[PDB]
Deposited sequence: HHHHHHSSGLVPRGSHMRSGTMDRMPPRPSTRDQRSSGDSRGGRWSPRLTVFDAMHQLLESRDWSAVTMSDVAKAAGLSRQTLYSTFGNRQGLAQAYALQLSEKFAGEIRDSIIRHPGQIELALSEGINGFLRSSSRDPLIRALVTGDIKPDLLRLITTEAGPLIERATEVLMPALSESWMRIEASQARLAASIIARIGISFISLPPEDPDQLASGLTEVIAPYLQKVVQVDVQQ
């Protein structure tokens, strides 16, 4: 039901605007019935919200993977993770859409905490049950702050593409080094 449809919306969105995408076309490209789509996602609003939750999840994972990949190297783990998110966030057609224009999309990027909540759910374990062994409260704290900053750079992208990455590493690493165990 879910995981192949996001794939369909991406490839569809590379050639069309967000207005040249309707439930019909998405079901055809996904290989699903118009019945299964409307039944599980509802509207174009509920569709784009599932896409955002998937983006939320993927981006937080980019950071989590870099954390696992680099034990003992906090600044290098972050630097790699933050560059990966900024890279994916650029290549995404719905995120590339929003910053060209989509009122429904701004609704989810400002009045959706399910996005922050999912991203926090991926981040927290990468902080507390990873090698960092950070206490669960401080992992929550840092995870929410990392999530909100991440959204801030998809809403308004950074003019400096990566000198943002290299800067934001430098701000958050001193915290993590202090709370690491």
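*Asks:* From the N-terminus onward, what segments of the deposited sequence lack any C-alpha atom in this model?
*Replies:* Residues missing from the model, as numbered along the full deposited sequence, span 1-46, 148-150, 231-235.
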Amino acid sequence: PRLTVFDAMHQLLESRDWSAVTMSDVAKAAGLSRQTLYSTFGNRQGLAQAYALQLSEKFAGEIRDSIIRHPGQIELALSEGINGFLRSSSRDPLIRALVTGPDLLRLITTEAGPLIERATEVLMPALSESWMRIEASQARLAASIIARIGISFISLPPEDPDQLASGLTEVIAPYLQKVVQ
From here on, numbers count along this sequence of modelled residues.
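*Asks:* On average, are the C-alpha B-factors higher in 152-160 or in 56-64?
*Replies:* Going by the record's values, the stretch with the higher mean is 152-160.
*Asks:* Looking at the deposited entry, does 131-139 or 24-32 carry the larger mean Cα B-factor?
*Replies:* Comparing 131-139 with 24-32, the higher mean C-alpha B-factor belongs to 24-32.
*Asks:* Say you rank 83, 109, 89, 100 by Cα B-factor from the PDB entry; which sits at the top?
*Replies:* Highest CA B-factor of the listed options: 100.
*Asks:* Split the chain's modelled residues into thirds by Cα B-factor; is residue 44 in the lowest, middle or highest one?
*Replies:* Answer is highest: the recorded C-alpha B-factor places it there.
*Asks:* Using the B-factors in the PDB entry, rank residue 37's C-alpha atom against the chain and give the third, lowest, middle or highest.
*Replies:* For residue 37, whose C-alpha B-factor we compare with every modelled residue in the chain, the answer is the highest third.
*Asks:* Check where residue 74 lands among this chain's C-alpha B-factors and tell me if it's the lowest, middle or highest third.
*Replies:* Within its chain, residue 74 is a lowest-third residue by C-alpha B-factor, going by the deposited values.
*Asks:* Ranking the modelled residues of this chain by C-alpha B-factor as given in the entry, is residue 5 in the lowest, middle or highest third?
*Replies:* Answer is highest: the recorded C-alpha B-factor places it there.
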